[PDB]
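Notes follow once the structure below has been shown.
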Amino acid sequence: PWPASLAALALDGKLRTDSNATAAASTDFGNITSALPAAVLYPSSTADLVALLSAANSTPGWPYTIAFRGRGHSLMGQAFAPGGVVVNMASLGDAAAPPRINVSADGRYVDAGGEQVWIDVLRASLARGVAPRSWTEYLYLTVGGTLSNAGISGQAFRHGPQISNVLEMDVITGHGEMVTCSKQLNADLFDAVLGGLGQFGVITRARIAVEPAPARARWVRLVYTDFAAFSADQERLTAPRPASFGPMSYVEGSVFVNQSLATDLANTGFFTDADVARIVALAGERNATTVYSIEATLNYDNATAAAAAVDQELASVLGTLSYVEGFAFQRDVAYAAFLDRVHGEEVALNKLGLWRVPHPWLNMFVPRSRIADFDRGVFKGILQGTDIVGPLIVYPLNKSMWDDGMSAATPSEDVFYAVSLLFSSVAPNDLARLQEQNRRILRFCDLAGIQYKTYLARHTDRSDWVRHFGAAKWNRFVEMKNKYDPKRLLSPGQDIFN
Ligand SMILES: *Cc1cc2c(cc1C)nc1c(=O)[nH]c(=O)nc-1n2C[C@H](O)[C@H](O)[C@H](O)COP(=O)(O)OP(=O)(O)OC[C@H]1O[C@@H](n2cnc3c(N)ncnc32)[C@H](O)[C@@H]1O
Ligand SMILES: *[C@@H]1O[C@H](CO)[C@@H](O[C@@H]2O[C@H](CO)[C@@H](O)[C@H](O)[C@H]2NC(C)=O)[C@H](O)[C@H]1NC(C)=O
Ligand SMILES: CC(C)=CCNc1ncnc2[nH]cnc12
Ligand SMILES: *[C@@H]1O[C@H](CO)[C@@H](O)[C@H](O)[C@H]1NC(C)=O
Ligand SMILES: *[C@@H]1O[C@H](CO)[C@@H](O)[C@H](O)[C@H]1NC(C)=O
Ligand SMILES: *[C@@H]1O[C@H](CO)[C@@H](O)[C@H](O)[C@H]1NC(C)=O
């Protein structure tokens with residue numbers, strides 16, 4: 001027996017069971033796992049979301065799990081609702097009116113629908129001379145999707161993750177109740193939802209902090225053959241000054257294994273063939289099995305004196321560093337071209353047929369005290385003698401910029417590294433080898449007693465999720481699940497309560 005508001009969605013053709021609808025909502029970016037839903041909802045408004053979730057809340061014995069598909073960038077089925085209902089979030093942004101992205105009158109924040117993609121949040125913000133302060137490396141992800149994880153990039157050391165740059169949200173709980181939440185209003189829901197893995201409700205609107213939009217980014221790469229010098233410099237560039245930070249707007253880093261060195265440097269799209277020859281000769285001279293590169297930017301505007309001020313500011317910061325003499329490499333681009341840089345890698349890989357392939361990505365947070373051990377056992381150990389396809393990203397984060405009361409789990413140390421090994425299974429049937437190598441890396445960290453946290457991964461065992469949050473923080477997560485999704489129907493693909 002269906003409620004009238006739920007039956008109206010099927011009448012209006014918003015609730016589909018056809019093979020085309022279910023097939024599209026059954027695969028994700030990871031391209032490793034698949035799960036067909038029973039139905040797909042294409043909501044035209046937030047009232048359609050209220051109708052589905054209230055039906056779920058009031059119907060006794062309701063058997064359908066519900067997932068909120070952003071862009072399906074999930075790696076291991078986190079956006080699937082096996083034999084359930086997948087919400088096609090993008091349908092909320094179909095009409096020309098009402099607008100889904102509103103920059104505030106005062107220009108201090110930006111209101112964006114949960115379904116909206118960060119690239120559109122950027123374009124709408126830039127039209128009003130503003131931009132969010134904390135980003136992901138890839139802009140074709142949804143506001144609600146990244147906020148359900150953390151949302152990290154080279155800006156998070158100073159501005160914190162995307163979850164630390166949200167003023168307020170509109171959420172529809174598992175009870176079908178539309179609640180506006182912040183630190184001052186319904187704080188418990190606001191904190192549970194940020195990094196909440198879609199467990200407590202759907203974010204329909206997020207109010208994102210903005211800053212005056214820079215016009216350009218001075219973009220640098222610094223080369224090292226010594227991991228200790230590389231990691232020490234990343235920490236210097238990202239350390240809090242004796243609340244204040246250094247001038248860098250973005251700090252990331254990358255690891256290049258010797259075996260494929262020339263090809264990998266040439267594939268960054270940053271280095272010229274002359275730059276490549278020099279770094280390859282440097283590696284041979286130092287007899288390095290690994291090469292490290294700091295990637296950093298300095299944001300600046302259209303002011304007449306800006307270019308010279310940046311040259312001086314950059315010359316000053318570089319003098320404090322310990323990269324191999326003469327191995328500083330500069331580029332200067334428009335701010336939006338820098339932010340949207342990964343979209344170019346997508347275009348080039350898609351035409352080669354190397355984008356829509358399995359992505360057995362390994363993403364983790366490694367405490368600073370164990371990063372050199374990780375480098376020895378992984379970059380200089382396990383990954384040696386292998387053909388790597390995908391970037392190996394390493395960069396420090398400041399725990400002070402993360403709110404531990406939110407759902408997102410991080411290591412206890414003040415400084416911890418985001419470690420992103422973006423393996424693409426390009427070779428014929430290389431998937432099984434990559435999945436085993438990820439199990440080996442994790443086993444190496446477990447045996448060495450490294451207290452890491454995974455990021456973007458879903459655990460399949462209860463004991464793993466309990467260790468992921470930590471026992472006390474886990475009990476708190478359960479408290480919020482009981483309050484907001486007692487029926488355990490939301491985002492079943494996380495495998496926390498399903
Ligand atoms: C594929 C990809 C992912 C990625 C990235 C680059 C690429 C090519 N770069 C990232 C980066 O630099 N930093 C970062 O923190 N994450 C990065 N990612 C991962 C990305 O954040 C995740 O894939 C995330 O899931 C966002 O993707 P998407 O927007 O496509 O969301 P989804 O996969 O469909 O769903 C994820 C889970 O969240 C729940 N969900 C989705 N939308 C909502 C809303 N509006 N409200 C509540 N929950 C929501 C889903 O149910 C699912 O469980
Ligand atoms: C870095 O990797 C390269 C392979 O690209 C190694 O260079 C090869 O080494 C073997 C063994 O002496 C030679 O037979 C090949 O002809 C070399 N190839 C090229 C393209 O130069 C090199 O040994 C590696 N360095 C380290 C420190 O492992
Ligand atoms: C945290 C995370 C998975 C970041 C991913 N970033 C990227 N994802 C995919 N391709 C990339 N190239 C450079 N950076 C890339
Ligand atoms: C992965 O993508 C390929 C090519 O688009 C497709 O044939 C296959 O169904 C996908 N597999 C999974 C498990 O999603
Ligand atoms: C944007 O503002 C309009 C009013 O101008 C409103 O109807 C709409 O709900 C807003 N969109 C978001 C995402 O807040
Ligand atoms: C170069 O480094 C390799 C790999 O670590 C090692 O086998 C070899 O002893 C080194 N050669 C010299 C001359 O140090």
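Chains: A, B, ... in order of the structure tokens. Residues: from 1 per chain. Ligands: from 1, in order shown.
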Test item, strand (DSSP E or B) assignment across range 195-424 of chain A, answer as a ChimeraX atom specification: /A:201-212,216-224,241,244,250-257,290-300,328-334,362-367,392-398,415-421
Who sits within 6 Å of residue 15 in chain A, only C-alpha atoms, same chain under 6 positions skipped, as a ChimeraX atom specification: /A:9,40-41
For the alpha helix (DSSP H) assignment from backbone DSSP, which residues of range 109-178 of chain A qualify? Please present them as a compact mmCIF listing (two decimals) with C-alpha atoms, in the first residue's frame.
```
# COMPACT_ATOMS: atom_id res chain seq x y z
CA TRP A 118 31.89 22.03 -7.94
CA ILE A 119 32.84 23.26 -11.50
CA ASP A 120 29.37 25.02 -11.66
CA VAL A 121 29.80 26.36 -8.07
CA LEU A 122 33.18 27.78 -9.34
CA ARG A 123 31.67 29.38 -12.53
CA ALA A 124 28.73 30.97 -10.66
CA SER A 125 31.10 32.25 -7.88
CA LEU A 126 33.67 33.70 -10.38
CA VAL A 143 28.66 19.39 -3.23
CA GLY A 144 26.66 16.72 -1.27
CA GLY A 145 28.99 13.90 -2.35
CA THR A 146 32.28 15.57 -1.28
CA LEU A 147 30.66 16.83 1.97
CA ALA A 156 43.11 21.95 3.23
CA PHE A 157 46.38 22.52 5.24
CA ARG A 158 45.30 26.21 5.66
CA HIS A 159 41.50 26.30 5.15
```
Residues within 6 Å of ligand 3, counting only C-alpha atoms and all ligand atoms, as a PyMOL selection string: chain A and resi 137-138+342+420
Please report as a tab-separated table every residue of chain A lying within 7 Å of ligand 4, along with the nearest atom pair and their distance in Å (one decimal), using only C-alpha atoms and all ligand atoms.
```
residue	atom	partner	partner_atom_place_in_ligand_line	distance
A:27	CA	ligand 4	14 (O)	4.5
A:28	CA	ligand 4	14 (O)	6.2
A:31	CA	ligand 4	14 (O)	3.9
A:32	CA	ligand 4	13 (C)	4.3
A:33	CA	ligand 4	13 (C)	4.3
A:34	CA	ligand 4	13 (C)	4.8
A:356	CA	ligand 4	5 (O)	5.7
A:357	CA	ligand 4	2 (O)	5.8
A:358	CA	ligand 4	1 (C)	6.4
```
Expected file contents, prior selection, N, CA and C atoms, as a CSV table (one decimal), in the first residue's frame:
```csv
chain,number,residue,atom,x,y,z
A,27,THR,N,26.4,1.2,-11.8
A,27,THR,CA,27.9,1.2,-12.0
A,27,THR,C,28.4,2.5,-11.4
A,28,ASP,N,29.7,2.5,-11.1
A,28,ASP,CA,30.3,3.8,-10.6
A,28,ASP,C,31.7,4.0,-11.2
A,31,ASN,N,34.4,1.1,-11.1
A,31,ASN,CA,34.2,0.1,-12.2
A,31,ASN,C,34.7,-1.3,-11.8
A,32,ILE,N,34.5,-1.7,-10.5
A,32,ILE,CA,35.0,-2.9,-9.9
A,32,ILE,C,33.7,-3.7,-9.4
A,33,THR,N,32.8,-3.0,-8.8
A,33,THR,CA,31.6,-3.6,-8.3
A,33,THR,C,30.4,-3.0,-9.0
A,34,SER,N,29.3,-3.8,-9.0
A,34,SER,CA,28.0,-3.4,-9.7
A,34,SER,C,26.9,-3.9,-8.8
A,356,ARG,N,37.4,5.2,-18.4
A,356,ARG,CA,36.4,4.2,-18.0
A,356,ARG,C,37.0,2.8,-18.0
A,357,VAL,N,37.9,2.6,-17.0
A,357,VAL,CA,38.6,1.3,-16.7
A,357,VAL,C,38.5,1.2,-15.2
A,358,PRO,N,38.8,0.0,-14.6
A,358,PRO,CA,38.7,-0.2,-13.1
A,358,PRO,C,39.7,0.8,-12.4
```
Protein and nucleic residues near ligand 2, 6 Å, only C-alpha atoms and all ligand atoms, as a ChimeraX atom specification: /A:258-259,287-289
Env. residues ligand 1 / 6 Å / only C-alpha atoms and all ligand atoms / as a PyMOL selection string: chain A and resi 29+67-74+78-79+114-115+136-138+141-142+144-146+148+150-153+197-198+201-204+491
Writer output for current selection, N, CA and C atoms, as a short mmCIF file (atom, residue, chain, number, x, y, z; two decimals), in the first residue's frame:
```
data_model
loop_
_atom_site.label_atom_id
_atom_site.label_comp_id
_atom_site.auth_asym_id
_atom_site.auth_seq_id
_atom_site.Cartn_x
_atom_site.Cartn_y
_atom_site.Cartn_z
N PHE A 29 32.42 5.06 -10.77
CA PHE A 29 33.77 5.35 -11.24
C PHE A 29 34.78 4.21 -10.99
N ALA A 67 19.89 5.31 -1.82
CA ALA A 67 21.20 5.93 -2.00
C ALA A 67 21.00 7.23 -2.77
N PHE A 68 21.89 8.20 -2.54
CA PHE A 68 21.82 9.49 -3.23
C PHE A 68 22.95 9.56 -4.26
N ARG A 69 22.68 9.24 -5.54
CA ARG A 69 23.74 9.30 -6.55
C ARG A 69 24.06 10.76 -6.92
N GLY A 70 25.30 11.19 -6.64
CA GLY A 70 25.79 12.51 -6.99
C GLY A 70 26.19 12.46 -8.44
N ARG A 71 27.44 12.02 -8.71
CA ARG A 71 27.97 11.73 -10.03
C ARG A 71 28.51 10.29 -10.08
N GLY A 72 28.27 9.51 -9.01
CA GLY A 72 28.74 8.13 -8.93
C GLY A 72 30.26 8.00 -8.98
N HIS A 73 31.00 9.01 -8.45
CA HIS A 73 32.48 8.96 -8.41
C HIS A 73 33.05 7.99 -7.37
N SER A 74 32.16 7.36 -6.60
CA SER A 74 32.46 6.33 -5.62
C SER A 74 33.30 5.22 -6.27
N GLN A 78 29.58 2.69 -3.03
CA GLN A 78 28.99 3.54 -1.98
C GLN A 78 27.71 4.25 -2.41
N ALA A 79 27.49 4.44 -3.73
CA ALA A 79 26.30 5.12 -4.26
C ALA A 79 25.19 4.16 -4.77
N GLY A 114 22.68 20.43 -3.14
CA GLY A 114 23.47 19.23 -2.84
C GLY A 114 23.94 18.47 -4.07
N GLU A 115 23.16 18.53 -5.16
CA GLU A 115 23.39 17.83 -6.43
C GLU A 115 24.35 18.55 -7.35
N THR A 136 38.55 20.08 -4.09
CA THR A 136 38.97 18.71 -4.38
C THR A 136 39.86 18.93 -5.62
N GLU A 137 40.70 17.96 -5.99
CA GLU A 137 41.57 18.10 -7.17
C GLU A 137 40.78 18.05 -8.49
N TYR A 138 39.60 17.42 -8.47
CA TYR A 138 38.73 17.19 -9.62
C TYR A 138 37.39 17.84 -9.34
N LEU A 141 32.45 16.67 -9.24
CA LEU A 141 31.92 15.92 -8.10
C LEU A 141 30.83 16.79 -7.53
N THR A 142 29.87 16.22 -6.79
CA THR A 142 28.81 17.05 -6.23
C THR A 142 29.18 17.60 -4.87
N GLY A 144 27.14 17.70 -2.25
CA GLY A 144 26.66 16.72 -1.27
C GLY A 144 27.54 15.48 -1.16
N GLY A 145 28.09 15.05 -2.30
CA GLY A 145 28.99 13.90 -2.35
C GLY A 145 30.30 14.15 -1.62
N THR A 146 31.00 15.25 -1.94
CA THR A 146 32.28 15.57 -1.28
C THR A 146 32.09 15.87 0.22
N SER A 148 29.95 14.52 2.16
CA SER A 148 29.66 13.26 2.84
C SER A 148 30.95 12.45 3.11
N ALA A 150 34.79 14.35 2.92
CA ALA A 150 35.61 15.41 3.54
C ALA A 150 35.87 16.49 2.51
N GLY A 151 36.41 16.09 1.36
CA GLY A 151 36.76 17.02 0.30
C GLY A 151 38.12 17.62 0.57
N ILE A 152 39.17 16.99 0.02
CA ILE A 152 40.55 17.44 0.26
C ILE A 152 41.34 17.78 -0.99
N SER A 153 42.26 18.74 -0.85
CA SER A 153 43.20 19.20 -1.88
C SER A 153 44.33 19.93 -1.17
N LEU A 197 29.09 10.07 5.25
CA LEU A 197 28.90 8.95 4.31
C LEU A 197 27.45 8.62 3.87
N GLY A 198 26.62 9.65 3.77
CA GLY A 198 25.22 9.55 3.35
C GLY A 198 24.32 8.72 4.25
N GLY A 201 20.91 11.33 6.14
CA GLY A 201 20.00 12.08 5.29
C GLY A 201 20.67 12.67 4.07
N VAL A 202 19.85 13.26 3.20
CA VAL A 202 20.32 13.90 1.98
C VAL A 202 20.49 15.40 2.19
N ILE A 203 21.68 15.94 1.82
CA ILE A 203 21.99 17.36 1.82
C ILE A 203 21.32 17.92 0.55
N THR A 204 20.38 18.88 0.70
CA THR A 204 19.70 19.48 -0.45
C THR A 204 20.30 20.84 -0.78
N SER A 491 22.16 5.05 2.21
CA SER A 491 23.49 4.75 1.65
C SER A 491 23.99 3.37 2.10
#
```
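Every protein or nucleic acid residue with an atom no more than 12 Å from residue 467 in chain A, counting only C-alpha atoms and leaving out same-chain residues fewer than 2 positions away, appears here: residues 409, 410, 411, 451, 452, 453, 454, 459, 461, 462, 463, 464, 465, 469, 470, 471, 472, 473, 474 and 475 of chain A.
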Can I get the selection written as a short mmCIF file (atom, residue, chain, number, x, y, z; two decimals), in the first residue's frame, with N, CA, C and O atoms?
```cif
data_model
loop_
_atom_site.label_atom_id
_atom_site.label_comp_id
_atom_site.auth_asym_id
_atom_site.auth_seq_id
_atom_site.Cartn_x
_atom_site.Cartn_y
_atom_site.Cartn_z
N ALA A 409 36.71 10.62 9.93
CA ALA A 409 37.78 10.07 10.76
C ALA A 409 39.18 10.44 10.22
O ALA A 409 39.45 10.33 9.02
N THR A 410 40.06 10.86 11.13
CA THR A 410 41.45 11.21 10.82
C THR A 410 42.39 10.67 11.93
O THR A 410 41.92 10.42 13.05
N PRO A 411 43.71 10.51 11.63
CA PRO A 411 44.67 10.11 12.68
C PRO A 411 44.74 11.13 13.83
O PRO A 411 44.35 12.30 13.66
N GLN A 451 49.14 3.74 12.53
CA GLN A 451 47.73 4.07 12.84
C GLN A 451 47.14 5.00 11.76
O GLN A 451 46.86 6.17 12.01
N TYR A 452 46.92 4.46 10.57
CA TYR A 452 46.35 5.20 9.45
C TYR A 452 44.82 5.19 9.51
O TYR A 452 44.23 4.35 10.20
N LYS A 453 44.19 6.04 8.68
CA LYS A 453 42.75 6.02 8.46
C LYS A 453 42.59 5.94 6.95
O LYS A 453 43.26 6.69 6.24
N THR A 454 41.68 5.09 6.45
CA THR A 454 41.39 5.07 5.02
C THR A 454 40.54 6.31 4.71
O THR A 454 39.91 6.88 5.62
N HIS A 459 34.45 -0.29 4.35
CA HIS A 459 34.82 -1.54 4.98
C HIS A 459 33.64 -2.50 4.95
O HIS A 459 32.49 -2.06 4.87
N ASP A 461 33.49 -5.30 7.18
CA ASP A 461 33.43 -5.92 8.50
C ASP A 461 33.18 -4.83 9.55
O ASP A 461 33.79 -3.75 9.49
N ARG A 462 32.30 -5.13 10.51
CA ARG A 462 31.96 -4.23 11.62
C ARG A 462 33.21 -3.80 12.43
O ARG A 462 33.38 -2.60 12.68
N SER A 463 34.09 -4.75 12.77
CA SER A 463 35.31 -4.44 13.52
C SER A 463 36.19 -3.39 12.80
O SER A 463 36.77 -2.54 13.46
N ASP A 464 36.21 -3.40 11.44
CA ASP A 464 36.94 -2.42 10.61
C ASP A 464 36.36 -1.03 10.69
O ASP A 464 37.11 -0.07 10.80
N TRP A 465 35.02 -0.90 10.66
CA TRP A 465 34.36 0.39 10.80
C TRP A 465 34.53 0.92 12.21
O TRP A 465 34.74 2.11 12.39
N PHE A 469 36.38 4.63 12.95
CA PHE A 469 36.00 5.83 13.70
C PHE A 469 36.74 5.96 15.07
O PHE A 469 37.00 7.06 15.54
N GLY A 470 37.07 4.82 15.66
CA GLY A 470 37.57 4.73 17.04
C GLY A 470 36.32 4.39 17.86
O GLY A 470 35.24 4.89 17.52
N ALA A 471 36.42 3.49 18.85
CA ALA A 471 35.26 3.01 19.65
C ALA A 471 34.30 4.06 20.22
O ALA A 471 33.09 3.91 20.09
N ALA A 472 34.84 5.15 20.82
CA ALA A 472 34.00 6.21 21.37
C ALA A 472 33.26 6.97 20.26
O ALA A 472 32.05 7.17 20.35
N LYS A 473 33.99 7.36 19.19
CA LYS A 473 33.44 8.08 18.04
C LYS A 473 32.45 7.19 17.26
O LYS A 473 31.47 7.70 16.73
N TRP A 474 32.67 5.86 17.26
CA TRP A 474 31.76 4.89 16.65
C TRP A 474 30.38 4.91 17.37
O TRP A 474 29.34 5.00 16.71
N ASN A 475 30.40 4.86 18.73
CA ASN A 475 29.18 4.91 19.56
C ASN A 475 28.37 6.15 19.27
O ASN A 475 27.15 6.08 19.23
#
```
Check which residues fall inside 10 Å of ligand 5 when counting only C-alpha atoms and all ligand atoms, and print them as a short mmCIF file (atom, residue, chain, number, x, y, z; two decimals) with C-alpha atoms, in the first residue's frame.
```cif
data_model
loop_
_atom_site.label_atom_id
_atom_site.label_comp_id
_atom_site.auth_asym_id
_atom_site.auth_seq_id
_atom_site.Cartn_x
_atom_site.Cartn_y
_atom_site.Cartn_z
CA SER A 45 12.16 19.29 -6.30
CA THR A 46 13.08 18.70 -2.61
CA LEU A 92 17.09 18.70 -8.92
CA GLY A 93 19.14 20.97 -11.21
CA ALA A 97 14.05 28.53 -12.15
CA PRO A 98 14.59 28.33 -9.16
CA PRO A 99 18.42 28.80 -9.39
CA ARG A 100 20.49 26.05 -7.71
CA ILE A 101 23.58 28.26 -7.01
CA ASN A 102 23.11 31.66 -5.23
CA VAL A 103 26.10 33.85 -4.30
CA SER A 104 25.09 35.92 -1.17
CA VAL A 110 27.63 30.70 -1.75
CA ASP A 111 24.40 28.68 -1.55
CA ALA A 112 24.52 25.52 -3.69
CA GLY A 113 22.17 22.60 -4.13
CA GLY A 114 23.47 19.23 -2.84
CA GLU A 115 23.39 17.83 -6.43
CA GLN A 116 25.42 20.68 -7.97
CA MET A 169 22.88 22.99 5.27
CA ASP A 170 19.31 21.86 4.49
CA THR A 204 19.70 19.48 -0.45
CA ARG A 205 21.56 22.78 0.09
CA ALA A 206 25.03 23.63 1.48
CA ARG A 207 26.11 27.19 2.38
#
```
